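Taking it in order: structure first as structure tokens, then the write-up.
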There are 4 protein chains.
Amino acid sequence: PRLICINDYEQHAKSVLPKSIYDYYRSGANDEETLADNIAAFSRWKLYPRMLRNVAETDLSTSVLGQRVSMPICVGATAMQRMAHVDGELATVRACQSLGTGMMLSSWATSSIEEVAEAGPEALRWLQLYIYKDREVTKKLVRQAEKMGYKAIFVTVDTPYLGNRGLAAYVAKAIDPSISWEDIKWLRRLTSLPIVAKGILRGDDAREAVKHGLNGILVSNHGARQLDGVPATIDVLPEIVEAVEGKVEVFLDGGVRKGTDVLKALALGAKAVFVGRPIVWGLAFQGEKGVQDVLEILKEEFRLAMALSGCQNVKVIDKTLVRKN
Amino acid sequence: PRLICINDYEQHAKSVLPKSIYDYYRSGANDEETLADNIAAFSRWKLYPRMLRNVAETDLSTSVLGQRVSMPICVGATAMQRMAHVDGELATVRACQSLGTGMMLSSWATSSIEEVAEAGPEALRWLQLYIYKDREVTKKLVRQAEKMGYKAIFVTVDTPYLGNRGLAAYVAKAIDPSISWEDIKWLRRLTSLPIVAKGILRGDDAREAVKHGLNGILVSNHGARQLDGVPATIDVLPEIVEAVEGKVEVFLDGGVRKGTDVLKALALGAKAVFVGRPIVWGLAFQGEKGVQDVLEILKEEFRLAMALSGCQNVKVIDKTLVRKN
Amino acid sequence: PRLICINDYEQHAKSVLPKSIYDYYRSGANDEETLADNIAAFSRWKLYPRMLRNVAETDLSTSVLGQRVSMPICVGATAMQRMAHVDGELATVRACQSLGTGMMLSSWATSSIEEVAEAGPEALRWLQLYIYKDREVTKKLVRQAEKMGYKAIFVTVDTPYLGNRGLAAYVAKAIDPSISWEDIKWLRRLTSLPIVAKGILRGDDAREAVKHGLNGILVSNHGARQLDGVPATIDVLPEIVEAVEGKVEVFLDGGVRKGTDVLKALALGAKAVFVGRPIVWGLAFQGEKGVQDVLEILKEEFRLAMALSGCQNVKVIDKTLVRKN
Amino acid sequence: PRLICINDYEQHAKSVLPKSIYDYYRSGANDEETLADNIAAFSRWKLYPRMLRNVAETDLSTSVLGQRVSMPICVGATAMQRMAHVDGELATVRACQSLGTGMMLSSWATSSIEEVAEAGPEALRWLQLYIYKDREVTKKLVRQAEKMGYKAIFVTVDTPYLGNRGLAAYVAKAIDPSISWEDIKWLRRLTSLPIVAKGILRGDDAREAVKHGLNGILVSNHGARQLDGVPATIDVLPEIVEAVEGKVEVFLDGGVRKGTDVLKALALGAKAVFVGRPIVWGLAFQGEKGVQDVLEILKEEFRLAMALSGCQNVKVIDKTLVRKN
Ligand SMILES: CN(Cc1ccc(F)cc1-c1ccc(C(=O)O)c(Cl)c1)C(=O)c1cc2ccc(Cl)cc2[nH]1
Ligand SMILES: CN(Cc1ccc(F)cc1-c1ccc(C(=O)O)c(Cl)c1)C(=O)c1cc2ccc(Cl)cc2[nH]1
Ligand SMILES: CN(Cc1ccc(F)cc1-c1ccc(C(=O)O)c(Cl)c1)C(=O)c1cc2ccc(Cl)cc2[nH]1
Ligand SMILES: CN(Cc1ccc(F)cc1-c1ccc(C(=O)O)c(Cl)c1)C(=O)c1cc2ccc(Cl)cc2[nH]1
Ligand SMILES: Cc1cc2nc3c(=O)[nH]c(=O)nc-3n(C[C@H](O)[C@H](O)[C@H](O)COP(=O)(O)O)c2cc1C
Ligand SMILES: Cc1cc2nc3c(=O)[nH]c(=O)nc-3n(C[C@H](O)[C@H](O)[C@H](O)COP(=O)(O)O)c2cc1C
Ligand SMILES: Cc1cc2nc3c(=O)[nH]c(=O)nc-3n(C[C@H](O)[C@H](O)[C@H](O)COP(=O)(O)O)c2cc1C
Ligand SMILES: Cc1cc2nc3c(=O)[nH]c(=O)nc-3n(C[C@H](O)[C@H](O)[C@H](O)COP(=O)(O)O)c2cc1C
């Protein structure tokens, strides 16, 4: 079928996936108020484009935690990618390598840390981690990330328990509800790799993450799958950027579907954004080629949005490009 | 059928009850503007969860008017529970006893004060009262509550006349439209039991209730069945908490359907919330077991919402967890 | 059929009237934005009821321009009432006489000033006037109102031309687009009867009407049939009440369908409200008896709204009963 | 068919045009958020009409860049008008000549600059220009406008690339993404004709256009066909009027469908407005006569809106006629 935007990929996915699998990937928590708002919030922020700036040579490149990327649009962690396509996380990492962007590998992946590193030897790769009740397993994963050339740890901190959208009983054995800032101190001592706190929604927590020596904040409501009725990530992003006072790089996920979403998040001070569901829809369409397609659509929507806004590169995207109304 | 949230219980009830009985329980007054808003208002208050707090051991227990309860979620007065299930108020009190929460018995109950006390000897039980034109009947009910081990009187003060949603002619003979603060003075002198004013929507009235020696305020619009176009209870709650300056415990009812609703009401300073309609839907499903199910669903939704918000107990639920937008 | 609220009367009218006649009465101007808002605006103003005030003996009576009425709910001018019912304006005046309220007779009535005075000799009656290009006709109507015991002139000032919802060519010959404050000076000199300016939407115009010796302002957008995109009357009412500084009585029409609408308008400082369309729906249902029914439904909805709000009479309806949100 | 407002013309056009052509003319960019808002924004601005002003002799005439026009409603540039009607731009210019208003000829017209000048020798005519990569072509068009009696250049500055709603590859060869304020300096030196910057959405850019010696600003989001998620033109207009401090005439396009839209734009300080799509719907209906019809409907809607607002001419339309709510 002819797919020209990310929503077309989702609609294609709904048509080919078994209902249960599509619903698993689509769903948010409880009444799905935050799921709707992660998208609606982007539409409330309006763009104020500059004219006549010279955008002949647009350059989308940036850096994430000191590593160069082709665009400020990266693949976020999504569990069990082999349910969407046989090649799962291997298809995803190959697409990231082709695009020159980074892949955040899920802790619940249907491919090993080593298998993904060997599929995408030249790809920028990070590991998403939970601090499991079994701290030996946690340490083993960190050491394997270090050995297999992963460049950062994203520690997910918003899942002491799973959100309500016996598989959950199996995950309950793994996920530690007792995790505190003391366990973040332990993780910080365990590795010299950059660590990003994923799932922060409050400025005071972002300040605590900086105080604990972490290297970034991913402003995330876990794709609206954890606590329902939290705000949209794009709405909390300004408070978090303000709170960290430039000490660490702030990222965003939740609701990114269009190039204008990327532009609004960078205008409000995010270094880069991550996409979850759109990658899964790419896999459902055509594995590696479908992920490549989704990433290329986001890249060229972002390039156009930058050019129409008068931005020849990401360094000139400033706060006056957006206002909420 | 498979019912996992309170809305599923309502939909089941609509399917099994005669239309007239379902509509009687569902309805609000006039155009039902307040009925819609009691629910919509909860969705406008957004949650700002703290991460990494240690929520392994969540404790939902609290106290209502000095009596310990298992959770800050209690059964509100709803007339004529035997229309939903043969066991009516006896089923409800048995479920409350099982849960360790309190039951507010309606003045228009299809079970006697004594019958309910003997069904739930160990249950925490309160009596909801009107000051009837017949003050002898009113005094007899208070004395029977005292003798049968009820722990408080909830005096409903928002029904001088019934709201417009010859049965009403029968109730018109009972309900006194002349009640004033002088009649509250009389009730306060009549009993040493704690008295809660149920149906206050204004700070100045809440202050008057404190001045009259009452022991609590239940912020209530009578489930949107009295005056239509009053605000949602969750929207007036902050003014009332502010007005009473900590002198008495403030409760809320109206629109509570989810654990996140409970969390938002406690964040804004309510000690506990009451549920009306959800209990009737529980009865319609399966009597005592259906009421137990609804109360358990609200308990575990509330536990999850607390844990995801970083609250290990009700004492740490604070105003920074919510903001209206 | 069983009709319990004003909307039921409209739905009955749609069912019995020819489509063209129903649409003529229903319609507003252009895209009907103001028609929708005259109703929606009432729902945004929320009521803050006082409890425990003693409302056993509710008294709805008030006065309009020094004449006592049974309720602050009066019949507004609506052209060509004989299209709805054979008895037209005679049915309406008989119903007003039964209710003890006033009737504003249209300048475009299907009954003469004398015929209406003889149908309702004891009814409170006012004449709605245009200053026609033919000033002799205008003066003749005023003199006939004086002689036939009408108690005030309502001069409609918002129709220099008809709004866009060869009949209009006939009315174009009559209606003078040149009318200015100089013509108001002329009308003020012509009669000692109270004169009300009908169709004011701005405080500065209300102040000018006071300066010209007029005796009241009817805040009106002509039932949303003139300029579309003006505000709802309930939203402009506070500015107009503020502007006239108590010098003259301020009335409202536009969108009044319920007793709570009446209560909100009096809380914001209107002395009384007028109803247009609801009267026409009453006529379409059953002539005089249908108008009586509509007026009785508005009376008893208003009584209930007053009693539930803690108001035993109109003199205690105050601004703290309403807030916009 | 019977067409009484601009929306009726669009609905007629949808019925007669091939779907692809209707969709080409209708569409906006991406999710069409700005397309919806260009219309919705007009409805949020409310009118505050003055009564009793004397509007017998309404005069709609004004001037655009020193040239008298019959009304402050002018034809904006729309490419390839021959797809709607065989007579295309020749039909449009003949209608403008009949009305006494101006036509802005598209750079992508299906009629030559000379052909349009000879169809409408007496019509007020302007040329819309791009600064093409081929600056010789650009200069040739300007010289031909000068020679063929066009009175101004509208330089479109919001299209460095086409918005996303191999034809685009053909236009990509022409449209220069490198254009800067240096190229505006060049154009200003090239011609003594008035130059208007079309597509400005920011006050700082409007100030820069004034500094560069341009003679007007057309506040435009290119009919919501360029960057999606910019604000509605009526919402940015006040900032732009404020920013230029009366130095140049400010115009508006985007979403004008009704006479009240024209009145709101002039109240907020626009000298005149331009219409795009409505003209194309006129052509689709009946060529020159259909364009004349649309312009006459906008003229007489505007006259009525002015008269009902108490404005006898455009010079008395002031900012107190509008407020946003
Ligand atoms: C609990 N759970 C998900 C699950 C099962 C197994 C597993 F090993 C990990 C997880 C898991 C996934 C994500 C995250 C996170 O981080 O978002 C975490 Cl914590 C844990 C399920 O219930 C579940 C999986 C699933 C697959 C297909 C279908 Cl049709 C339905 C499904 N439901
Ligand atoms: C008046 N009324 C309710 C009613 C009838 C009898 C009674 F003894 C008490 C009441 C009563 C109920 C609640 C409250 C309160 O506090 O909310 C008060 Cl004040 C009084 C009815 O009209 C009514 C009951 C009813 C039952 C089934 C169906 Cl299908 C329709 C019904 N309508
Ligand atoms: C102009 N007009 C109305 C009209 C025609 C005749 C007349 F003598 C007075 C008027 C008139 C009415 C109200 C007002 C006012 O004050 O609101 C004023 Cl100014 C003048 C019509 O077009 C019209 C009437 C009518 C009847 C039935 C149907 Cl189905 C359609 C209809 N259309
Ligand atoms: C690019 N484009 C439009 C196009 C093709 C050719 C041309 F010479 C000019 C243009 C053009 C039009 C407007 C503007 C502007 O200013 O808004 C600019 Cl820059 C350039 C198309 O894709 C296109 C045209 C068209 C016609 C019919 C149908 Cl059904 C579909 C269509 N699509
Ligand atoms: C199906 C699914 C699986 C997810 N699995 C994980 C996971 O294993 N680890 C994790 O930290 N987050 C996980 N997330 C959250 C994502 O990392 C990301 O925060 C979210 O998808 C971003 O929102 P978006 O889907 O709107 O782009 C998952 C999200 C979805 C939809
Ligand atoms: C069917 C029904 C019957 C009610 N009966 C009573 C009653 O007898 N006494 C009383 O004080 N309130 C009564 N109420 C109001 C409730 O105590 C409570 O304020 C309301 O149900 C709370 O809103 P909720 O239904 O949204 O939870 C009733 C409410 C309903 C829906
Ligand atoms: C069908 C119709 C006819 C009207 N005719 C007149 C009239 O003859 N004179 C006048 O001053 N206003 C007239 N009005 C305006 C009314 O007096 C009144 O302002 C309006 O109906 C109030 O709004 P409502 O219909 O929502 O109650 C008319 C309104 C309608 C709907
Ligand atoms: C079909 C179409 C073609 C257009 N072509 C041009 C063009 O050739 N040059 C240009 O400067 N703007 C062009 N525009 C933008 C218009 O000049 C104008 O800004 C826009 O139509 C105004 O919004 P409206 O259509 O809501 O009235 C076009 C707009 C449409 C809808």
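Please note that chains go A, B, ... in the order of the structure tokens, that every chain numbers its residues from 1, and that ligands are numbered from 1 in the order shown.
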| task | May I ask you to extract the residues of chain A within 7 Å of chain D, using only C-alpha atoms, and to give them as a PyMOL selection string? | result | chain A and resi 43+46-56+305+308
How would the residues just chosen look if you wrote them out with N, CA and C atoms as a PDB file, in the first residue's frame?
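As written to disk, part.pdb reads:
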```
ATOM      1  N   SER A  43      -0.225  19.705  19.033  1.00  0.00           N
ATOM      2  CA  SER A  43      -1.026  20.589  18.155  1.00  0.00           C
ATOM      3  C   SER A  43      -1.294  21.933  18.841  1.00  0.00           C
ATOM      4  N   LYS A  46       2.146  26.266  18.795  1.00  0.00           N
ATOM      5  CA  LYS A  46       2.084  26.811  17.420  1.00  0.00           C
ATOM      6  C   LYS A  46       3.483  27.298  17.016  1.00  0.00           C
ATOM      7  N   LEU A  47       3.748  27.213  15.725  1.00  0.00           N
ATOM      8  CA  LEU A  47       5.073  27.570  15.163  1.00  0.00           C
ATOM      9  C   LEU A  47       5.033  28.988  14.617  1.00  0.00           C
ATOM     10  N   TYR A  48       6.114  29.706  14.824  1.00  0.00           N
ATOM     11  CA  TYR A  48       6.269  31.118  14.392  1.00  0.00           C
ATOM     12  C   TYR A  48       7.491  31.210  13.492  1.00  0.00           C
ATOM     13  N   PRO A  49       7.351  30.821  12.213  1.00  0.00           N
ATOM     14  CA  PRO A  49       8.480  30.695  11.307  1.00  0.00           C
ATOM     15  C   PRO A  49       9.124  32.007  10.877  1.00  0.00           C
ATOM     16  N   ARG A  50      10.459  32.011  10.802  1.00  0.00           N
ATOM     17  CA  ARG A  50      11.209  33.136  10.199  1.00  0.00           C
ATOM     18  C   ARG A  50      11.347  32.934   8.688  1.00  0.00           C
ATOM     19  N   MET A  51      11.174  34.029   7.952  1.00  0.00           N
ATOM     20  CA  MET A  51      11.263  34.038   6.486  1.00  0.00           C
ATOM     21  C   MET A  51      12.641  34.582   6.053  1.00  0.00           C
ATOM     22  N   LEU A  52      13.042  34.190   4.871  1.00  0.00           N
ATOM     23  CA  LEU A  52      14.168  34.850   4.137  1.00  0.00           C
ATOM     24  C   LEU A  52      15.462  34.625   4.910  1.00  0.00           C
ATOM     25  N   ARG A  53      15.712  33.402   5.353  1.00  0.00           N
ATOM     26  CA  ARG A  53      16.943  33.122   6.150  1.00  0.00           C
ATOM     27  C   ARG A  53      18.043  32.394   5.367  1.00  0.00           C
ATOM     28  N   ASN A  54      17.778  31.856   4.192  1.00  0.00           N
ATOM     29  CA  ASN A  54      18.728  31.016   3.392  1.00  0.00           C
ATOM     30  C   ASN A  54      18.772  29.589   3.950  1.00  0.00           C
ATOM     31  N   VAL A  55      17.884  28.745   3.440  1.00  0.00           N
ATOM     32  CA  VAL A  55      17.789  27.343   3.916  1.00  0.00           C
ATOM     33  C   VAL A  55      18.098  26.386   2.764  1.00  0.00           C
ATOM     34  N   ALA A  56      18.956  26.793   1.824  1.00  0.00           N
ATOM     35  CA  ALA A  56      19.403  25.937   0.711  1.00  0.00           C
ATOM     36  C   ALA A  56      20.117  24.689   1.235  1.00  0.00           C
ATOM     37  N   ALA A 305      10.278  21.109   7.828  1.00  0.00           N
ATOM     38  CA  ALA A 305       9.729  21.953   8.914  1.00  0.00           C
ATOM     39  C   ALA A 305      10.829  22.943   9.284  1.00  0.00           C
ATOM     40  N   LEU A 308      11.179  25.582   6.331  1.00  0.00           N
ATOM     41  CA  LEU A 308      10.040  26.487   6.275  1.00  0.00           C
ATOM     42  C   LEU A 308      10.066  27.440   7.450  1.00  0.00           C
TER      43      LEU A 308
END
```
| said: Taking only C-alpha atoms and all ligand atoms into account, list the residues no farther than 8 Å from ligand 8, as a PyMOL selection string. | reply: chain D and resi 24-28+35+38-39+76-80+106-109+128-130+154-156+198-199+220-225+253-257+274-278+280
Using the selection just defined, write its residues with C-alpha atoms as a PDB file, in the first residue's frame.
```
ATOM      1  CA  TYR D  24      -5.824  20.045  -4.902  1.00  0.00           C
ATOM      2  CA  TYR D  25      -7.642  23.384  -4.325  1.00  0.00           C
ATOM      3  CA  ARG D  26      -9.124  22.448  -0.877  1.00  0.00           C
ATOM      4  CA  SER D  27      -6.066  20.875   0.773  1.00  0.00           C
ATOM      5  CA  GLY D  28      -3.678  22.276   3.357  1.00  0.00           C
ATOM      6  CA  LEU D  35      -6.384  24.995   7.524  1.00  0.00           C
ATOM      7  CA  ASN D  38      -7.755  29.902   9.730  1.00  0.00           C
ATOM      8  CA  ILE D  39     -11.596  29.509   9.862  1.00  0.00           C
ATOM      9  CA  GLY D  76      -5.427  36.766  -3.976  1.00  0.00           C
ATOM     10  CA  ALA D  77      -2.985  34.759  -6.178  1.00  0.00           C
ATOM     11  CA  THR D  78      -4.136  31.153  -6.863  1.00  0.00           C
ATOM     12  CA  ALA D  79      -2.168  29.053  -9.408  1.00  0.00           C
ATOM     13  CA  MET D  80      -3.700  27.428 -12.512  1.00  0.00           C
ATOM     14  CA  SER D 106      -0.231  34.275  -9.585  1.00  0.00           C
ATOM     15  CA  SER D 107       3.355  33.576 -10.752  1.00  0.00           C
ATOM     16  CA  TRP D 108       1.966  30.140 -11.872  1.00  0.00           C
ATOM     17  CA  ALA D 109      -0.954  31.500 -13.936  1.00  0.00           C
ATOM     18  CA  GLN D 128       2.622  38.020  -7.301  1.00  0.00           C
ATOM     19  CA  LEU D 129       6.300  37.076  -7.717  1.00  0.00           C
ATOM     20  CA  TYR D 130       8.824  34.527  -6.476  1.00  0.00           C
ATOM     21  CA  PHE D 154       3.606  40.935  -4.019  1.00  0.00           C
ATOM     22  CA  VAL D 155       6.809  38.931  -3.318  1.00  0.00           C
ATOM     23  CA  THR D 156       5.896  35.572  -1.719  1.00  0.00           C
ATOM     24  CA  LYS D 198       3.500  38.092   1.356  1.00  0.00           C
ATOM     25  CA  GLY D 199       3.692  35.315   3.973  1.00  0.00           C
ATOM     26  CA  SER D 220      -0.499  35.048   5.237  1.00  0.00           C
ATOM     27  CA  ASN D 221       0.167  31.355   5.978  1.00  0.00           C
ATOM     28  CA  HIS D 222      -0.241  30.643   2.222  1.00  0.00           C
ATOM     29  CA  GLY D 223      -3.812  29.331   2.804  1.00  0.00           C
ATOM     30  CA  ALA D 224      -2.359  26.784   5.351  1.00  0.00           C
ATOM     31  CA  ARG D 225      -0.499  25.006   2.464  1.00  0.00           C
ATOM     32  CA  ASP D 253      -5.489  36.398   3.799  1.00  0.00           C
ATOM     33  CA  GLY D 254      -6.347  32.929   5.080  1.00  0.00           C
ATOM     34  CA  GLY D 255      -9.841  31.791   6.011  1.00  0.00           C
ATOM     35  CA  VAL D 256     -11.894  34.847   4.798  1.00  0.00           C
ATOM     36  CA  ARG D 257     -15.358  33.411   3.904  1.00  0.00           C
ATOM     37  CA  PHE D 274      -7.495  38.875   0.048  1.00  0.00           C
ATOM     38  CA  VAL D 275      -9.465  35.746  -0.817  1.00  0.00           C
ATOM     39  CA  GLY D 276      -7.969  32.638  -2.450  1.00  0.00           C
ATOM     40  CA  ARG D 277     -10.163  29.538  -2.536  1.00  0.00           C
ATOM     41  CA  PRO D 278     -13.552  31.391  -2.743  1.00  0.00           C
ATOM     42  CA  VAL D 280     -11.663  29.269  -7.471  1.00  0.00           C
TER      43      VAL D 280
END
```
| request: Find the spatial neighbours of residue 317 of chain C, counting only C-alpha atoms, within a cut-off of 10 Å - ignore same-chain residues fewer than 4 positions away - and output them as a PyMOL selection string. | output: chain C and resi 263-269+306+309-313+321-322
| task | For residue 71 of chain D, work out the shell of residues within 7 Å, counting only C-alpha atoms and skipping chain neighbours fewer than 5 positions away, then give it as a count of residues only. | result | 5
| request: Just the residues within 8 Å of residue 193 of chain B, please, counting only C-alpha atoms, with nothing from its chain fewer than 3 positions along; format it as a list in words. | output: residues 146, 151, 152 and 153 of chain B
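Residues of segment 65-141 of chain C carrying a DSSP assignment of alpha helix (DSSP H), computed from the backbone, are residues 88, 89, 90, 91, 92, 93, 94, 95, 96, 97, 98, 99, 113, 114, 115, 116, 117, 118, 119, 135, 136, 137, 138, 139, 140 and 141 of chain C.
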Deliver the residues from the most recent selection as a file, using N, CA and C atoms, as a compact mmCIF listing (two decimals), in the first residue's frame.
```
# COMPACT_ATOMS: atom_id res chain seq x y z
N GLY C 88 -52.86 33.30 18.06
CA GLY C 88 -51.64 34.14 18.03
C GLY C 88 -51.48 34.95 19.31
N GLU C 89 -51.33 36.27 19.17
CA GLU C 89 -50.98 37.21 20.27
C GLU C 89 -52.10 37.27 21.30
N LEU C 90 -53.35 36.93 20.90
CA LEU C 90 -54.46 36.92 21.87
C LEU C 90 -54.28 35.76 22.85
N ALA C 91 -53.87 34.59 22.37
CA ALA C 91 -53.54 33.43 23.22
C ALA C 91 -52.41 33.83 24.18
N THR C 92 -51.38 34.50 23.65
CA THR C 92 -50.20 34.87 24.48
C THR C 92 -50.62 35.81 25.61
N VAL C 93 -51.42 36.83 25.32
CA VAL C 93 -51.74 37.85 26.34
C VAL C 93 -52.64 37.22 27.40
N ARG C 94 -53.52 36.29 27.00
CA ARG C 94 -54.41 35.61 27.96
C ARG C 94 -53.54 34.78 28.92
N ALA C 95 -52.51 34.09 28.41
CA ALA C 95 -51.60 33.29 29.25
C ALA C 95 -50.86 34.22 30.22
N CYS C 96 -50.40 35.38 29.74
CA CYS C 96 -49.65 36.31 30.62
C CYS C 96 -50.57 36.78 31.74
N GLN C 97 -51.82 37.08 31.40
CA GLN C 97 -52.80 37.53 32.41
C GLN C 97 -52.98 36.46 33.48
N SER C 98 -53.08 35.19 33.09
CA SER C 98 -53.25 34.03 34.01
C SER C 98 -52.03 33.92 34.93
N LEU C 99 -50.83 34.08 34.37
CA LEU C 99 -49.55 33.94 35.11
C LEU C 99 -49.26 35.16 35.99
N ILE C 113 -52.94 46.49 18.46
CA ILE C 113 -52.73 47.01 19.84
C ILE C 113 -54.06 46.96 20.60
N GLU C 114 -55.16 47.36 19.94
CA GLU C 114 -56.45 47.41 20.65
C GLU C 114 -56.94 45.99 20.93
N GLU C 115 -56.86 45.08 19.95
CA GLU C 115 -57.33 43.66 20.07
C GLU C 115 -56.60 42.98 21.25
N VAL C 116 -55.30 43.21 21.36
CA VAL C 116 -54.51 42.57 22.45
C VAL C 116 -54.92 43.16 23.80
N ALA C 117 -55.12 44.48 23.90
CA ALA C 117 -55.55 45.15 25.14
C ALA C 117 -56.94 44.62 25.58
N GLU C 118 -57.82 44.34 24.63
CA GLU C 118 -59.19 43.85 24.96
C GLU C 118 -59.16 42.35 25.30
N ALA C 119 -58.24 41.54 24.73
CA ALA C 119 -58.03 40.12 25.12
C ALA C 119 -57.44 40.05 26.54
N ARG C 135 -42.49 58.56 10.44
CA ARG C 135 -42.54 58.94 11.85
C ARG C 135 -43.99 59.19 12.29
N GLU C 136 -44.92 59.44 11.36
CA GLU C 136 -46.35 59.62 11.74
C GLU C 136 -46.86 58.28 12.27
N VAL C 137 -46.61 57.17 11.55
CA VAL C 137 -47.00 55.79 11.97
C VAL C 137 -46.39 55.53 13.35
N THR C 138 -45.11 55.83 13.51
CA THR C 138 -44.41 55.60 14.79
C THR C 138 -45.16 56.32 15.93
N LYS C 139 -45.46 57.59 15.74
CA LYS C 139 -46.17 58.39 16.75
C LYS C 139 -47.56 57.81 17.00
N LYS C 140 -48.27 57.39 15.95
CA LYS C 140 -49.64 56.80 16.08
C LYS C 140 -49.56 55.56 16.98
N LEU C 141 -48.57 54.68 16.74
CA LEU C 141 -48.43 53.47 17.59
C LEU C 141 -48.22 53.85 19.06
```
| request: Find the residues near residue 149 of chain B: any atom within 9 Å, counting only C-alpha atoms, skip ones fewer than 6 places away on the same chain, and give them as a PyMOL selection string. | output: chain B and resi 117+121+124-126
Go ahead and save the picked residues with N, CA, C and O atoms, as a PDB file, in the first residue's frame.
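part-v9.pdb written:
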```pdb
ATOM      1  N   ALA B 117     -26.922  -3.264  61.076  1.00  0.00           N
ATOM      2  CA  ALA B 117     -25.972  -3.444  62.198  1.00  0.00           C
ATOM      3  C   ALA B 117     -25.767  -4.957  62.479  1.00  0.00           C
ATOM      4  O   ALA B 117     -24.649  -5.390  62.750  1.00  0.00           O
ATOM      5  N   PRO B 121     -21.902  -6.519  62.016  1.00  0.00           N
ATOM      6  CA  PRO B 121     -21.656  -6.151  63.407  1.00  0.00           C
ATOM      7  C   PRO B 121     -20.278  -5.509  63.573  1.00  0.00           C
ATOM      8  O   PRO B 121     -20.168  -4.609  64.364  1.00  0.00           O
ATOM      9  N   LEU B 124     -17.494  -0.807  60.031  1.00  0.00           N
ATOM     10  CA  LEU B 124     -17.643   0.631  60.351  1.00  0.00           C
ATOM     11  C   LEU B 124     -18.881   1.184  59.623  1.00  0.00           C
ATOM     12  O   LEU B 124     -19.029   0.966  58.399  1.00  0.00           O
ATOM     13  N   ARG B 125     -19.823   1.745  60.389  1.00  0.00           N
ATOM     14  CA  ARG B 125     -21.155   2.116  59.887  1.00  0.00           C
ATOM     15  C   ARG B 125     -21.475   3.523  60.353  1.00  0.00           C
ATOM     16  O   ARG B 125     -21.174   3.872  61.506  1.00  0.00           O
ATOM     17  N   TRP B 126     -21.953   4.337  59.426  1.00  0.00           N
ATOM     18  CA  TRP B 126     -22.505   5.671  59.706  1.00  0.00           C
ATOM     19  C   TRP B 126     -23.935   5.759  59.189  1.00  0.00           C
ATOM     20  O   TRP B 126     -24.333   5.057  58.227  1.00  0.00           O
TER      21      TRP B 126
END
```
| task | Tell me which protein, DNA and RNA residues are within 12 Å of residue 249 of chain A, counting only C-alpha atoms, leaving out same-chain ones fewer than 6 positions away, and put them as JSON, numbers by chain. | result | {"A": [63, 64, 65, 66, 194, 195, 196, 197, 206, 209, 210, 214, 215, 216, 217, 218, 219, 237, 240, 241, 242, 243, 266, 269, 270, 271, 272, 273]}
| task | Identify, with DSSP run on backbone atoms, the residues in segment 159-273 of chain A assigned to strand (DSSP E or B), and express the list as a PyMOL selection string. | result | chain A and resi 175+180+195-200+216-219+249-252+272-273
Selection to disk with C-alpha atoms, as a compact mmCIF listing (two decimals), in the first residue's frame:
```
# COMPACT_ATOMS: atom_id res chain seq x y z
CA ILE A 175 10.95 -5.40 38.34
CA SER A 180 15.34 4.63 45.25
CA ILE A 195 23.51 7.22 32.19
CA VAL A 196 20.16 8.84 31.25
CA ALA A 197 17.14 8.79 33.66
CA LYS A 198 14.14 7.76 31.51
CA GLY A 199 10.62 8.60 32.73
CA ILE A 200 11.13 11.86 34.70
CA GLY A 216 20.82 13.20 30.74
CA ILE A 217 17.05 13.22 31.35
CA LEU A 218 14.58 11.51 28.93
CA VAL A 219 11.25 13.30 29.61
CA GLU A 249 21.05 17.03 27.79
CA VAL A 250 17.22 16.70 27.96
CA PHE A 251 15.45 14.37 25.50
CA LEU A 252 11.73 13.69 24.88
CA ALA A 272 16.75 15.03 20.48
CA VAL A 273 13.54 12.98 20.52
```
